[PDB]
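Note sheet for the following structure.
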Amino acid sequence: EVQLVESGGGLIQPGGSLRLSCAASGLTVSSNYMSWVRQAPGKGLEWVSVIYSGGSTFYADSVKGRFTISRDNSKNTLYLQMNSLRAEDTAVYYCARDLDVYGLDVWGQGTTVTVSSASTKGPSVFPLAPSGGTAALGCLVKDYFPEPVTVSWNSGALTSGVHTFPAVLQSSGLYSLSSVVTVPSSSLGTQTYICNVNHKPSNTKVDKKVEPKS
Amino acid sequence: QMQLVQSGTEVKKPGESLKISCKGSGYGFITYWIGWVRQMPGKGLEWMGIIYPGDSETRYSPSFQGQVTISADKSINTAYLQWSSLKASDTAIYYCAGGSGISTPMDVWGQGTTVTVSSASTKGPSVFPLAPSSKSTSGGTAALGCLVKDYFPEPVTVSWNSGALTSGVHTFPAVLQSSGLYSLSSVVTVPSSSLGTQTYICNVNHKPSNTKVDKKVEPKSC
Amino acid sequence: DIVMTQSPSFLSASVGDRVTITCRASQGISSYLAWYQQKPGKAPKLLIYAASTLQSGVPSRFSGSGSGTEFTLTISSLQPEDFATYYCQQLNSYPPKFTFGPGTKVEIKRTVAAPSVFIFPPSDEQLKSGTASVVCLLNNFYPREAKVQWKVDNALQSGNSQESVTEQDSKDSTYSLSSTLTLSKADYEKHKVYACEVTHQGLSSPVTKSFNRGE
Amino acid sequence: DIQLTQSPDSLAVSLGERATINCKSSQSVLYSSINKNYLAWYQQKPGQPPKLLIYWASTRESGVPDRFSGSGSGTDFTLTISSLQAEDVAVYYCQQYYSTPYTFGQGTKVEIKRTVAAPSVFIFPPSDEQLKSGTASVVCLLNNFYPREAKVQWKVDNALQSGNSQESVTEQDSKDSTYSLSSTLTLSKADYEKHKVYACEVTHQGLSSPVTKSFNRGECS
Amino acid sequence: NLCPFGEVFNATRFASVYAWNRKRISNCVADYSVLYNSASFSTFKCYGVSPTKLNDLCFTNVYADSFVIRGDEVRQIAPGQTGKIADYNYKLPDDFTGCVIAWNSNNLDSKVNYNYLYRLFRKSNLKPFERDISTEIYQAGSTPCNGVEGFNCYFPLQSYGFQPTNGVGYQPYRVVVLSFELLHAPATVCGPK
Ligand SMILES: *[C@@H]1O[C@H](CO)[C@@H](O[C@@H]2O[C@H](CO)[C@@H](O)[C@H](O)[C@H]2NC(C)=O)[C@H](O)[C@H]1NC(C)=O
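Chains as they are written, first to last, in the entry's author numbering: chain B, 1 to 82, 82A to 82C, 83 to 100, 100A, 101 to 127, 133 to 215; chain H, 1 to 52, 52A, 53 to 82, 82A to 82C, 83 to 100, 100A to 100B, 101 to 216; chain A, 1 to 95, 95A to 95B, 96 to 213; chain L, 1 to 27, 27A to 27F, 28 to 215; chain C, 334 to 445, 448 to 528.
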């Protein structure tokens, strides 16, 4: 069971700096070709950096001079120091082990870096009330920044019938999102539906009860 | 044996781009690194940078890093030095020089490329007589000449009696004036004996403006 | 630098079909090619290395072939879980430039399914804040193409709605979609009948779901 | 990084005698592995490109006569011409190629030393054709002097002129090894016509006292 | 008593770069003009020496190292370079003194899939002029490998996919590195002078 877990991503203003960490378990970082590969929202994969076991480093032309890959063998950890950040650097950053001819066989799950001057904002959660057979209800998570937001139903007790839509960027520059669920209308009176919304960048947690109307 | 031959003279205005070239010919060129050297007028030699044509490896001097670009095309054995936008300070002669390896002396030199950068426009010279002095040592030596003033660009040529008179002739180097125009003078020492009998004409030629001027230099009859 | 292209950019096939994706290199790169599968949001997963060698633990339906300038990834029998974007990458560049391809998005094709339509008026909590959002949900339909028109007092509204689509369901391969109409509390109070009209290939006629403000 | 200083800047040698130019390095240029000093001496005659004379501090390039010899080590190097000849008049440069960037010395001008020769002084008023121009150029010629050092001052009705004269000097003559200089005083014809006496005064080693050549604007000469 | 450069440059077979070959030129008169005047070379980069001034200087020894890499990697056979070849296969020193000569050999080392090798995994960089021919399974993790190939346990050598239709960067290039050793001993390698 080999895992790579990266961390250190978040909101950062243009021109700022940021250090990404990638802890490893199941391989030795200092003995491997280790690389950083990023993915801008809605785009493909872009290799950023690589470090050899013998210490050699190499970078993509787009981040040359601004990024520095490094490692700590004592902590079995890979590092990506990013300086003079621009909005083009906004991406999910993956840590990966390169086997050169055998490909990039082991990946982390990524850490998200948003480069923007906009300020953090927590969301407001409004209900989407219901009203034969199937009835739908939901939660509207509006006006938060930056991504992401997590939404569960009844503290995780309800997963079947749930659709949480991708966040859309409004003209205000803030994100909004919707999470719906179809239930039997029989339980409209006979089960209580609570949507649990967490926006950790603002450390906001809202439990909203969605009950019918007239 | 290897030899370098550079592109021709350049006269440009400030802000323009320019790319001069240096082509190698002969035996062993595969081993040659080509550096560029600037010599500003009246000053010493300045190493600008060096390139290996076979793979375009390039090393710049700190004083010229980001100021010029050194490139090469191996197919034609040619190196290139280019400016994106010229300044008046770039007025100099530029030699390309070849060393058969890096950390190697420069064996082969091109003939040099003269680059003038000035806002001035092509203008032909005015030729005035430096008339010999009425009061002069009767049995001694007199001096006369021509003033070749206000022209651009360089050079001009000056002869005397269409080449017949060379001994005792001094054509001075041109000076750049306040006005951005060049000016120069040519002088001859003759015997006072011949001041009345022999006639002296100076022949000035400015090929950039396609201007020939013959000027008779005679004692002012006061 | 050597350029990597892929074709097609998008692809839809039915479960059981034989899928073929192509990757081309500007110059001959022998066998120095890898194939990755990426589910949305998740990390890429290495499928093929050395142009043809299947990575250990990868289902046998995935195969790779080619060498030089042209390569193909082949899914012998498409499975519901196999929808994803598939990337190719050139290996062993010097100076190192881990060039990836543009990608090929593979979608599962299935029989037409009509959307179940629901409409939601704004809450009073939101109206307190000065804005109103009317929501319209299209649940569990296929294909993804669907026309969602907002009608406010029978006037077609344009330029104040945003759509959002879930990813294809892992089981029945359907989509769900939300369209949100956003306006000011005043503009919302200027009208009464709010309707959502849905045109989908699986509906014989456009389906409308409406409500009256304050009822 | 590595800087080179030459000594002296100028040097006058009689024919057949020895010229010696020194080059001092800011940092040693001796590959201990190969045991060679990465130091070169180039010659440049007016209007010609430089030519490699000596490489590795002491190895002569082919065709270079044996009167040129390079010596020295570490940070101190010397170029010697044992019997100066007229064909050796030029500017000599040392250059290090121990490491990029390559760097050149300042250059040492080498000329022939002959006996002191006073200049012949002449003065030329502006031509009337040039007085129609609107400008006026008075020319003062110092002819066939040695050494090159010469001072020439301009006076207009005994007022010393400043900022409005340019001078030009020839290279050393191939045959008599003298110099020639011209000094040009430029002024508007307006300013020119407001004054009578135009004088050019010359000090030089070969002159016991300053020589003045003057003219009065208008009067014949 | 002519130096045997022909045996090195014109060998029918060349070594793999990890097992690079070295010829010790000693006690002979070398004429380098056969090299620098030839038109068969894609690359001829010398360092601290000029091949044209060699034909009347003497050295204690000359080494001719030869191997086969691919074109994109030729720029690594130089002082101060990094990469798989410079780090794990053939390392020139920073104070290197000599010439690096290389030419395209697609017509001789490509067939229809030859077998040249390079070292792909190594814990540390090679020292200058080190030759590592080990085939020990490379341990990429904590678990010892016990001579079996598997996850985190990889064979250290890899094969060049030398195919005639490769791009020029993936084609084979033959490389000879000449380096000049002048110890304080009798100089036995001289130019024709
Ligand atoms: C390697 O073999 C080539 C022949 O394929 C040699 O090349 C010739 O060398 C002679 C002198 O030795 C020249 O006169 C010919 O012009 C060369 N011909 C070509 C086509 O190059 C070459 O000398 C050999 N290399 C060495 C180091 O001996």
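Positions of the beta carbon are idealized from the N, C-alpha and C atoms, including for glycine.
{"query": "Given 8 angstroms, three or more beta-carbon pairs between the region 114–130 of chain A and the region 59–74 of chain B", "result": "no"}
{"query": "Residue 90(A) in three-state terms, based on DSSP", "result": "strand"}
{"query": "C-beta neighbour in chain A for residue 99(B), strict 7 angstroms", "result": "yes"}
{"query": "Three-pair Cβ contact test at 8 angstroms for the region 109–117 of chain A versus the region 47–64 of chain A", "result": "no"}
{"query": "Sequence-distant residues of its chain with Cβ nearer than 7 angstroms to residue 419(C) (five each side left out)", "result": "409"}
{"query": "Separation of residue 92(A) from residue 98(B), as counted between CA atoms", "result": "7 angstroms"}
{"query": "Residue 34(B) versus residue 94(B): straight-line alpha-carbon distance, rounded", "result": "5 angstroms"}
{"query": "Under 8 angstroms by beta carbon: chain B residues contacting residue 506(C)", "result": "Within chain B, no residue comes near residue 506(C); the closest Cβ sits about 18 angstroms away, beyond 8 angstroms."}
{"query": "Where residue 407(C) falls: helix, strand or coil (DSSP)", "result": "helix"}
{"query": "Residue span of the beta strand (DSSP E) that contains residue 138(A), given as start and end", "result": "129–139"}
{"query": "Local Cβ density within 10 Å of residue 123(L), reported as buried at 16 or more and exposed below that", "result": "exposed"}
{"query": "CB contact below 7 angstroms: residue 54(B) versus chain C", "result": "yes"}
{"query": "The region 172–190 of chain L touching the region 80–94 of chain L, judged by at least three CB pairs closer than 8 angstroms", "result": "no"}
{"query": "Start and end residues, alpha helix (DSSP H) containing residue 159(B)", "result": "Neither: residue 159(B) is in no alpha helix (DSSP H) and is coded neither H nor E."}
{"query": "Where residue 170(L) falls: helix, strand or coil (DSSP)", "result": "coil"}
{"query": "Any non-hydrogen atom of ligand 1 within 6 angstroms of residue 374(C) CB", "result": "no"}
{"query": "DSSP state of residue 24(B) mapped onto helix, strand, coil", "result": "strand"}
{"query": "Helix, strand or coil at residue 468(C) according to DSSP, with G and I counted as helix", "result": "coil"}
{"query": "Paired residues, beta bridge with residue 171(H) - DSSP", "result": "DSSP lists no partner for residue 171(H)."}
{"query": "Proximity test, Cβ basis, 7 angstroms: residue 523(C) and chain L", "result": "no"}
{"query": "Secondary structure, alpha helix (DSSP H): runs of 4+ residues fully inside the region 140–212 of chain H", "result": "none"}
{"query": "Own chain partners of residue 155(L) with C-beta closer than 8 angstroms, once the 5 adjacent residues on each side are dropped", "result": "147, 148, 149, 179"}
{"query": "Any non-hydrogen atom of ligand 1 within 6 angstroms of residue 422(C) CB", "result": "no"}
{"query": "Heavy atoms of ligand 1 versus C-beta positions, residues under 5 angstroms", "result": "338(C), 339(C), 342(C), 343(C), 367(C)"}
{"query": "Under 7 angstroms (Cβ pairs) to chain C, residues found in the region 20–46 of chain B", "result": "26, 27, 28, 31, 32"}
{"query": "Test item: CB-CB of residue 514(C) and residue 100(H) under 7 angstroms", "result": "no"}
{"query": "Contact with chain A by residue 154(B), beta-carbon distance below 7 angstroms", "result": "no"}
{"query": "Proximity test, Cβ basis, 7 angstroms: residue 70(H) and chain L", "result": "no"}
{"query": "Sub-7 angstroms separation of residue 31(B) and residue 21(B) beta-carbons", "result": "no"}
{"query": "Interface partners of residue 36(L) on chain C, CB under 9 angstroms", "result": "Residues of chain C passing the Cβ test: none, with the nearest at roughly 16 angstroms."}
{"query": "Close Cβ partners of residue 40(A) (< 6 angstroms) along its chain, the five nearest in sequence each way excluded", "result": "165"}
{"query": "Same chain, Cβ closer than 6 angstroms to residue 156(H), five either side skipped, listed in chain order", "result": "197"}
{"query": "Those residues which DSSP pairs with residue 111(A) across a bridge", "result": "140(A)"}
{"query": "Cβ-Cβ distance between residue 150(A) and residue 192(A) below 7 angstroms", "result": "yes"}
{"query": "The region 188–214 of chain H: positions lying closer than 8 angstroms to chain L by Cβ", "result": "214"}
{"query": "Which of helix, strand or coil DSSP assigns to residue 186(B)", "result": "helix"}
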